[PDB]
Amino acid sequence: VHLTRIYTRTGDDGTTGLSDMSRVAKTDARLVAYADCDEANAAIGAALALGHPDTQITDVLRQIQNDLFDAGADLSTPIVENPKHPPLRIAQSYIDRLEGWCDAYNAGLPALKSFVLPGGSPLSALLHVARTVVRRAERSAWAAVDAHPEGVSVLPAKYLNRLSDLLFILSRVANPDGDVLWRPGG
């Protein structure tokens, strides 16, 4: 990856390049998926810069941001038989880590009997924004799997699935005074 002049104009005809340099329409399901990972990465960035999380939560979120570029590398690289060089791929390893974090940060929390109205601390509010963008990215990743059941891995979608659960847990940790809950029809 070399970011130099940034604008190359090779996308001005509505096509763009996968990581193997093959050309796709800018509406291609695969591009949509890793573009949505990028949008999710930016949403986490806003939680970091405007929410001012403590060091431990900062460290978790920075690792997730790095994971999301691993997922984008995966989604942008077609799966091929016997590649010349090993591609970067999401592994179950990644999802186990998210689950370990889910359990650790959920341990100190009481169960909820309704949904949370997002808000409270700036950090909590921004983690809810990130949560919903990640969930949008997950849907796009499943759509890429549908379009390419052999060429696209399911593990990016699985990673994004578990990640939005972690972001919900972290949004609660970021409101130590408690959340306001939904009153159905009230």
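In case it trips you up, residue 1 is the first one in the sequence shown, and so on.
In this entry, the higher average B-factor at the C-alpha atoms falls on 80 to 88, of the pair 94 to 102 and 80 to 88. The deposited model assigns a higher average Cα B-factor to 150 to 158 than to the other stretch when 150 to 158 and 134 to 142 are compared.
Annotation for residue 18: C-alpha temperature factor in the middle third relative to the rest of the modelled chain, per the entry. Ranked by Cα temperature factor within the chain, residue 65 sits in the lowest third according to the deposited record. For residue 10, the recorded CA B-factor ranks within the middle third of the chain. Only modelled residues enter the ranking. Sort the chain's modelled residues by C-alpha temperature factor and residue 124 lands in the lowest third, per the entry. Residue 56: CA B factor lies in the highest third for its chain, per the PDB record.
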